[PDB]
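Values quoted throughout were computed directly from the atomic coordinates according to the rules given, and no laboratory measurement underlies them. When we count neighbours, we look across all protein chains shown, and the Cβ atoms used for this are built from the backbone with ideal geometry, even at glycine.
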Amino acid sequence: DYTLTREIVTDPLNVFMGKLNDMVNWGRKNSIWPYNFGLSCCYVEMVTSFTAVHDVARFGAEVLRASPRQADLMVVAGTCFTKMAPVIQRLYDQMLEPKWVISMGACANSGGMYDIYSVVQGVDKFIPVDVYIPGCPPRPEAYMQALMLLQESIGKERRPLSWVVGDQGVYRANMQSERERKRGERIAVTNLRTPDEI
Amino acid sequence: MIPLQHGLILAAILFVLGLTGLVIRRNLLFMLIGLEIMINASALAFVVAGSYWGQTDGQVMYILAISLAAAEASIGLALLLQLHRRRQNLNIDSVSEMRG
Amino acid sequence: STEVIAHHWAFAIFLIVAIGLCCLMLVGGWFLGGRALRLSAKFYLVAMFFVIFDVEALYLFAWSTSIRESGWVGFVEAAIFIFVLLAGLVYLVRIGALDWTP
Amino acid sequence: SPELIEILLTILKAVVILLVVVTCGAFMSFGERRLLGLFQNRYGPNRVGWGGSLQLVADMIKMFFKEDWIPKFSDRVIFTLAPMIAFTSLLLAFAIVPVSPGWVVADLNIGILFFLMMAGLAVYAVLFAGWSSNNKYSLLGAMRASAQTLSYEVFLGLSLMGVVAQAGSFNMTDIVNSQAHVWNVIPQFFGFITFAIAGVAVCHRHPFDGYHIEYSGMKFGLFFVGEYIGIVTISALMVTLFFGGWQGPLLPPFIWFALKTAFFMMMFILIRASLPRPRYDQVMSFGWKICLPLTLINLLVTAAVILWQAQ
Amino acid sequence: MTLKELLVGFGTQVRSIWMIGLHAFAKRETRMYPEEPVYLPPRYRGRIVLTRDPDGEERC
Amino acid sequence: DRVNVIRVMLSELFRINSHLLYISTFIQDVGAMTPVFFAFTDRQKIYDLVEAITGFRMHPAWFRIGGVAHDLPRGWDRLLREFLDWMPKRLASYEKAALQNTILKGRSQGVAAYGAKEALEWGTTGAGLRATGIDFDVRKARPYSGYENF
Ligand SMILES: CCCCCCCCCCCCCCCCCC(=O)OC[C@H](COP(=O)(O)OCCN)OC(=O)CCCCCCCCCCCCCCCCC
Ligand SMILES: C/C=C(/C)[C@H](O)[C@H](C)/C=C(C)\C=C/C/C(C)=C\Cc1[nH]c(OC)c(OC)c(=O)c1C
Ligand code: SF4
């Protein structure tokens with residue numbers, strides 16, 4: 001099952017064009033350039049993930065450009081304030097295709113604990129979001145897990161290869177949700193370690 | 001194999017084209033550009049003349065020519081900066097107050 | 001000689017293939033993918049210093065390749081040249097022309 | 001005819017040198033990532049391929065299939081023109097380097113002079129990128145960077161003039177043949193350090209590093225690969241000018257050239273990873289007040305020593 | 001500037017270069033997620049569950 | 001007393017975490033890159049201890065009205081001893097590698113300086129007030145939570 005934005009359609013993918021599309025998606029998922037955007041706590045956990053004790057560089061995502069033109073992925077790592085919501089919208093509009101959005105934290109997901117007059121309740125109110133991460137803050141390894149989720153989503157999509165030949169239509173993959181996928185093993189947990197130990 | 005007349009013809013053509021660029025343009029920047037075209041064309045003429053005779057005299061006068069060109073560029077661009085600072089425009093007939 | 005014309009051909013092919021590869025990968029970058037104040041005079045000052053001292057540098061370029069045949073008199077002339085150049089440089093430094101901050 | 005065979009062999013050697021140095025620059029960027037990881041107690045990119053060696057191909061594919069974006073109210077020709085300047089100037093600066101006896105592109109009688117022409121033409125990339133972006137922030141940043149690289153370019157040839165004076169010629173074969181007994185790093189040590197500083201600064205490397213916040217896709221790739229091509233160029237130049245070139249006692253000469261060049265590239269990596277960044281005016285003062293008189297005094301002392309031995 | 005502080009600065013740059021070069025030979029501090037499983041303390045606050053009593057019903 | 005000692009322990013641990021982040025970010029603002037990676041490794045050691053104590057890294061939410069949430073786990077002293085053995089050599093290494101560099105000194109010394117009067121009239125407290133020589137720490141002038149015992 002696939003989603004069009006230019007709807008619900010089927011997989012359209014000839015075998016040579018599919019192979020080149022596979023290599024294009026492979027090169028796109030194996031090189032993701034996030035935008036250096038410092039909002040709040042979750043950005044500090046992102047730069048914790050970037051450092052040597054964690055080494056997100058192994059996935060080829062250590063670039064962290066300061067310009068929206070060079071960067072591909074927008075990580076909303078913090079609260080969407082009413083003053084910074086046009087700033088986030090302009091920074092998203094100043095990006096280039098392909099563009100992916102990862103919302104770090106309950107602030108970026110839904111507004112989090114701050115149901116307040118000066119906070120936008122989630123960045124998905126006005127920009128599309130590819131991957132959400134819960135946590136306040138999510139740990140750096142959760143950020144890497146969402147990075148592999150984004151890589152899996154990129155490796156299955158079918159973007160147009162060229163702007164002169166082909167269907168100019170964004171083909172995102174309706175992946176199986178992680179809750180239903182991991183319900184087979186999360187329920188089977190019986191005994192955990194007692195909290196008195198370390 | 002290359003005639004000397006061809007080299008001086010090319011140098012003369014570049015020089016007189018630089019003369020057009022100096023005359024027909026009111027902008028002082030293009031006037032300095034045309035001046036540099038003329039002095040570089042005359043330096044090309046000296047190099048052609050020295051290369052015909054097999055002597056380094058043309059290259060020595062070329063070195064003197066480009067030294068003059070560099071220093072003239074410095075002075076002319078400083079004067080252009082002063083004109084733009086104190087008049088906010090580069091019109092060369094705006095600086096025409098002294099006459100008669 | 002065959003060696004000199006062969007190396008001229010090699011240099012020409014080097015330049016042509018470099019330019020062709022660079023513009024070709026420009027063409028490949030453009031072809032693929034789907035669509036969606038007043039400055040200060042200090043810049044002029046340091047640039048004009050650079051130009052003047054590059055002409056002094058070209059004179060020293062001409063000198064340095066032929067020190068052996070010019071003899072000691074060439075060393076004396078270049079010493080006067082370099083002393084004048086250093087006097088000009090000290091003049092520029094001391095009056096705060098080369099100091100970027102005021 | 002044997003003449004055409006020799007011509008074709010020379011052309012093949014030249015194009016082999018060209019693809020080798022371009023691939024070496026790209027893999028040197030990959031080695032930048034890996035060696036920064038090694039210096040910073042981590043791994044760097046080591047998942048895309050065997051040991052991470054296929055990260056470069058994926059990155060180049062990503063920059064190839066990125067949507068190109070020339071700004072709407074920019075100057076198209078100048079904006080696209082700055083990256084071919086930044087690539088081709090340093091590539092043709094590498095073009096004069098003799099990597100091995102017989103494996104030379106062109107035995108130009110100017111040589112290091114031709115490197116000086118290419119280094120002079122290299123500043124137009126920064127200036128054109130600043131102006132053509134139609135951004136006053138990029139304009140100010142490129143004005144500062146171009147003033148930096150002019151103030152450090154003004155003594156580049158004067159640093160090289162000690163090696164030129166000791167060789168007695170502008171040809172690089174004579175330069176690498178005059179280092180048979182002793183390498184030029186020993187007499188021209190002050191020239192060596194001034195040339196190293198100037199070569200780092202004209203390549204806009206750390207700690208001499210915005211005017212790139214408007215480029216994206218393959219133009220940014222052009223700028224960056226041209227910068228690494230310049231790194232390889234400066235390393236090979238200092239190998240050929242101060243460390244004997246290809247000359248070595250035991251190993252084949254190309255192995256010596258590659259080992260010295262790789263040592264100088266890893267010195268580039270260490271210089272970026274170690275030193276912090278000085279302020280703009282401090283860099284200006286160091287480039288004007290210190291380096292230029294040092295090169296002048298070095299040239300004077302070199303000439304005095306050369307004329308002293310030849311009584 | 002004064003030659004003394006210039007030489008001291010050059011020596012300090014050499015010291016920083018040598019210290020990073022010594023760091024090049026050290027052992028990696030990278031915890032290799034996801035190949036290396038991330039150790040978490042027993043009382044770490046993550047995914048929320050509802051448990052069961054030893055009889056077998058739901059505790060809530 | 002045990003509540004006071006526990007809260008002092010966690011406050012000092014988070015103070016070391018914040019100071020490590022501050023020093024690394026200042027050094028990165030000057031231009032050196034490696035100390036931010038090394039200081040975040042040290043912050044990961046701190047986060048290991050804090051995860052063992054409370055159950056979270058950044059916002060433990062562990063203090064309570066009248067005490068703390070849970071008790072100290074069985075074996076926290078091993079992690080604290082490991083951290084106290086890990087820190088000082090690395091801190092001296094950070095000083096030698098970046099904080100004694102003369103380029104960093106030229107960038108940072110004498111920049112945005114103010115005396116005690118400017119700190120007092122603007123309400124600046126902390127290191128900005130104690131760099132003026134005004135010895136005013138809340139932990140010593142108006143003590144709280146058992147800081148007198150240390
Ligand atoms: C292909 C191979 C090439 C690879 C690279 C190898 C060479 C790297 C060269 C890097 C050059 C960096 C130059 C930096 C110059 C900085 C000058 C400056 O002004 O620095 C500021 C600092 C303080 O300035 P000051 O005015 O005194 O401040 C008072 C106000 N607070 O002033 C100071 O701290 C004074 C000291 C400045 C630096 C002195 C020179 C250091 C050179 C770099 C270290 C080289 C180590 C050996 C490298 C390998 C050699 C084989
Ligand atoms: C082959 C072409 C390319 C573009 C390559 O893909 C790579 C990306 C090139 C290079 C030169 C590698 C590394 C430099 C870099 C872009 C970032 C390091 C970094 N990393 C951080 O986090 C870990 C930071 O902390 C916030 C930083 O400040 C800094 C500065
Ligand atoms: S979700 Fe929590 S940790 Fe993240 S920015 Fe919001 S308050 Fe901070």
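Compared with the rule-of-thumb size 2.2 N^0.38 Å for a compact globular protein, the stretch D:20-94 has a Cα radius of gyration ratio of 1.40. With all projection directions averaged, the alpha carbon convex hull of the stretch D:13-154 covers 11.9 nm².
The alpha-carbon atoms of the stretch F:101-150, seen along their principal axes, cover 42, 29, 13 angstrom, with the largest extent given first. With contacts taken as Cα pairs under 8 Å at a separation of at least 6 residues, the stretch B:4-87 carries a relative contact order of 27 percent. Given q = 0.17, 0.19, 0.20, 0.28 Å⁻¹, what are the Debye log10 I(q)/I(0) values for chain E, with equal point scatterers placed on the Cα positions and solvent ignored? The Cα Debye sum returns log10 ratios of -0.84, -0.90, -0.92, -1.10. Applying a threshold of 29 Å to the alpha-carbon distances of D:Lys219/D:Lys289; E:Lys4/F:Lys117; D:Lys62/F:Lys45; A:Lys156/D:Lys66 flags D:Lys219/D:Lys289; E:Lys4/F:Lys117; D:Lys62/F:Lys45 as lying beyond it. Each label was represented as a point 7 Å from its Cα along the Cα-to-Cβ direction; for A:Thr82 and A:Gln121 these points are 1.5 nm apart.
A quarter of the convex hull surface defined by the alpha-carbon atoms of chain D gives 19.3 nm² as the mean projection. Once Rg and the Kirkwood radius are both taken over the C-alpha atoms of chain F, their ratio Rg/Rh works out to 1.01. Among the trypsin sites (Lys or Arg not before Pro) within the stretch D:71-174, those in coil by DSSP and having at most 11 neighbouring Cβ atoms inside 10 Å are D:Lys72. Normalised by the number of residues in the stretch D:1-151, the average gap of Cα pairs under 8 Å and 6 or more apart makes the relative contact order 20 percent. Overall, the ratio between the Cα radius of gyration of the stretch F:1-87 and 2.2 N^0.38 Å, rounded to two decimals, is 1.19. Per the Debye formula on identical point scatterers at the alpha carbon atoms of the stretch D:263-311, with no solvent, log10 I(q)/I(0) at q = 0.17 Å⁻¹ is -0.76.
Computed over every Cα-Cα pair of the stretch B:4-87 and binned at 5 Å starting from 0, the pair-distance distribution P(r) comes out as 3, 16, 20, 20, 16, 11, 7, 4, 2, 1, 0 percent. Between amide H atoms placed 1.01 Å from N, distances below 5 Å from A:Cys80 occur with A:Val120, A:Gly122, all of them 5 or more places distant or on a separate chain.
If you add up the charges near F:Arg64, with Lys and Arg at +1 and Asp and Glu at -1, over every other residue whose beta carbon is less than 14 angstrom from its beta carbon, what do you get? With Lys, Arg at +1 and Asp, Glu at -1, the net is +1. Counting only DSSP beta bridges whose two residues both lie in the protein assembly as shown, roughly 55 percent are antiparallel.
Could I get the Rg over Rh figure for the stretch A:116-198? Both from C-alpha atoms, Rh via Kirkwood, rounded to two places. Dividing the radius of gyration by the Kirkwood radius yields 1.11.
By the Cα gyration tensor, the stretch A:2-187 has an equivalent ellipsoid whose semi-axes, rounded to whole angstrom, run 28, 19, 18 from largest to smallest.
In plain terms, the bigger the Kirkwood radius, the slower the diffusion; for chain C, with that radius from Cα pairs, at 4 °C and 1.567 mPa s, Stokes-Einstein puts D at 67 µm²/s.
Report summary: the helix-based calculation at 222 nm, which adds -39500 (n - 2.57) for every DSSP H run with n ≥ 4 and divides by the residues of chain D, gives -22000 deg cm²/dmol.
Reducing the stretch C:42-88 and the stretch B:1-68 to their Cα centroids gives an inter-centroid distance of 24 Å. Computed from the Kirkwood radius of its Cα pairs, the Stokes-Einstein diffusion coefficient for the stretch A:1-110 at 10 °C and 1.306 mPa s stands at 100 µm²/s.
With the largest listed first and rounded to whole Å, the semi-axes of the equivalent ellipsoid of the stretch D:75-131 from the Cα gyration tensor are 28, 11, 7.
DSSP beta bridges confined to the stretch A:2-187 are antiparallel in about 45 percent of cases. The rule of thumb for compact globular proteins, 2.2 N^0.38 Å, goes into the C-alpha radius of gyration of the stretch D:197-311 1.35 times. Built from the Cα atoms of the protein assembly as shown, the convex hull projects on average onto 52.8 nm², one quarter of its surface area.
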